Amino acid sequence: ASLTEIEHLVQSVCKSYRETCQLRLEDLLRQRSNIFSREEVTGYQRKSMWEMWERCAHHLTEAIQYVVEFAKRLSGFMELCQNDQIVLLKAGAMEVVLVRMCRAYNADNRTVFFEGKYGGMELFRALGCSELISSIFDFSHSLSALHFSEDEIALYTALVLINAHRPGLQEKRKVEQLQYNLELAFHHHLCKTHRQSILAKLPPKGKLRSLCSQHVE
């Protein structure tokens, strides 16, 4: 794999991300000042857990679909066998959503984008799982401190998906090749942008999978 192929891969992954990100960074930052009022927060708190689940499950399910589309546009992903495509998405898609979420999170006031405005974690009180929700907020908070660029997110989330250690894979070696090239791309790009320093601050790969255990519970 030459320098030309590696930079092509970087640009390609970043393009796919751009086309499948759902919420434009520009929009999210501008909307940071648009914050749910205390009356609105109360309105969300009064809703049933069933309604809040319906709303959240709809928005996240949609977010999952954008991640599937991202995967489809990654060089080599569609060339993998049926079984491996599904195994990877099943294991990684929700982890990618979680990472993508840090973009929609404002660390100055500890709020997240939801249904047109920014609200804190108390917005989700009717769900009755303050632990899971605080941990999601903590995770987005610790990722926000890194100032993840759009392209770092693209490359990093490509690696969250293209993991050759997912159990159930048939063509393990073809997934390794793809992972290897994406790692070269990620590392090359951190080099060129002087952002090597973030490597040692990214959350461990089993730490993403430990928040999705209790998600599925």
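If you superpose the two forms and keep the largest set of C-alpha atoms that fall within 1.5 Å, you have the rigid core. Numbers for residues come from their place in the sequence shown, where the first is 1.
**Student:** When the core is superposed, where do the C-alphas shift more in 7 other deposited structures of this protein: in 14 to 22 or in 203 to 211?
**Tutor:** Relative to the shown form, the greater RMS C-alpha distance in 7 other deposited structures of this protein belongs to 203 to 211.
**Student:** Looking at the entry, does 130 to 138 or 74 to 82 show the higher mean C-alpha B-factor?
**Tutor:** The stretch with the larger average C-alpha B-factor is 74 to 82.
**Student:** On mean C-alpha B-factor from the PDB entry, just flag whether 189 to 197 or 203 to 211 is the higher one.
**Tutor:** That would be 203 to 211.
**Student:** Looking at 183, 26, 151, 51, which has the highest Cα B-factor in the entry?
**Tutor:** That would be 26, according to the entry.
**Student:** Taking the C-alpha B-factors as the PDB entry records them, is residue 169 in the lowest, middle or highest third of its chain?
**Tutor:** Its C-alpha B-factor belongs to the highest third of this chain's values.
**Student:** Check where residue 69 lands among this chain's C-alpha B-factors and tell me if it's the lowest, middle or highest third.
**Tutor:** Within its chain, residue 69 is a middle-third residue by C-alpha B-factor, going by the deposited values.
**Student:** Considering only modelled residues of the same chain, in which third does the CA B-factor of residue 179 rank: lowest, middle or highest?
**Tutor:** Ranked within chain, residue 179 CA B lands in the middle tercile.
**Student:** Which third, lowest, middle or highest, does the C-alpha temperature factor of residue 39 belong to within its own chain?
**Tutor:** Top third by C-alpha B-factor.
**Student:** Taking the chain's C-alpha temperature factors as the reference, tell me which third residue 91 falls into: lowest, middle or highest.
**Tutor:** Within its chain, residue 91 is a middle-third residue by C-alpha B-factor, going by the deposited values.
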